[PDB]
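Single chain ahead, by itself, as structure tokens, in the form deposited in one PDB entry.
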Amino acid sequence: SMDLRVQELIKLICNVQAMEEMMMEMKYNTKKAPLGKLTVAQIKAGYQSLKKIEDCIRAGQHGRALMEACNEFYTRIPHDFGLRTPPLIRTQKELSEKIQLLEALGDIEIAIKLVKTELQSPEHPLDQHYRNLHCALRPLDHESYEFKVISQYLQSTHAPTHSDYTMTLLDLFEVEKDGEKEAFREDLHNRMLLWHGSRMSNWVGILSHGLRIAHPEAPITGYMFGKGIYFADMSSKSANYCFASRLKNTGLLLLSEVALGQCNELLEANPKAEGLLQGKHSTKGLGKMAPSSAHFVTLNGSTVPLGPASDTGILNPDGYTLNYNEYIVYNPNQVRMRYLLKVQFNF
């Protein structure tokens, strides 16, 4: 039967009640728009509505035109603000939160289809849920070399500007998504083992379908370097995207092999960065701080950029400089998911 540590992981990520609660925390109205009736049509219409809001934000047009565009969004994607006036979506940050909400609904839509029982199946439902992921998860020995390198990568690349929590590694799984090896660009140079964080609602989607580029209808300004798959070399930069809290302080972190090839190195946000590649295989947003190559090690022949991070001396002379690197590939065939960390956030 299923390892007890794998059963606990599946039970955790397949919990629809937890998805309901995360959605209610993001102000989505699960009473008016239940997760059972969630569709890709509803989400796509939501993205279309956020595009009009993006246009108002871009132009500095608040007031009544913004209020009308926001009502269309709240009609297409029901929210619960109780007795409060529904707030305007006014800042790029606010727009990003609504893109993240629709990205969460997309992975929950996948989860609701997958976390179904068949009468005829002789399997416990938990077992059926795991089989339906088409993704092997194997628990690793805490005395193993891999666990030691991954513990060090987690701790040594916790950024100094993310001092509101530490992370304790509760457990570690090897990930083997069916088909991901066969698809992967093994040929490409510059293969790095990099971080990705996501909300607890998203892991069924990510493990069963892999990391995916943003929806085509999503507002382009939601994406600092366009519609690719985003990774960090600093554990805490990625772990901030877990959105864990004091009350929900268990999250997951993913390590993937990312075939970066030649990076187009950029100093400032450019949502059209995908077009600027021109023969290059990835975008690298340069940070002020990064692990130094003197501390690099390998795991399964991928480079692990162990910290501590130090000043890169990179500055954007005409803009904000990223504190930390980020890596964007625009094709899932440049990603191979490899490890899944069960992380206790110490707030």
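Rigid core here is just the name for the largest C-alpha set that superposes within 1.5 Å across the two forms. One-based numbering along the sequence shown.
Same protein, other form: the form deposited in another entry, not shown, and the subject of what follows.
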Where among 297, 45, 26, 65 does the Cα move by 2 Å or more between the shown form and the other one after the core is superposed? 65
If the two forms are fitted on the core, does residue 56 show a Cα displacement reaching 2 angstroms between the shown form and the other one? yes
Does residue 121 shift between the shown form and the other one by 2 angstroms or more at the C-alpha, the core having been superposed? yes
